[PDB]
């Protein structure tokens, strides 16, 4: 419910490769009143409407997203979790392309 952390801050991507990107972020301002336990990473190709889980329960401020396809544009969103589930998502600023 409303025990939701705020969004992670400064979601950014770098270190692009043939098949991966490296996301980094900072902790949310509000943890929802319960300690943060991890982050959840989702992705979607820009032309599809569906978000897809990449990894949950990430205990870091970063994640290398694997198995990305050359020629596709991708979006990513990260949410912080606490014991009551994930909070509001942070979004990348622009899609990631591949080549």
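Numbering follows the first chain given and starts at 1.
Annotation for 34-42 versus 65-73: the higher mean temperature factor (C-alpha) is found in 65-73. Relative to one another, 15-23 and 77-85 have unequal mean CA B-factors, and 15-23 is the one with the higher figure. In the PDB entry, residue 8 places in the lowest third of its chain by CA B-factor. Compared with the other modelled residues of the chain, the Cα B-factor recorded for residue 59 ranks in the lowest third.
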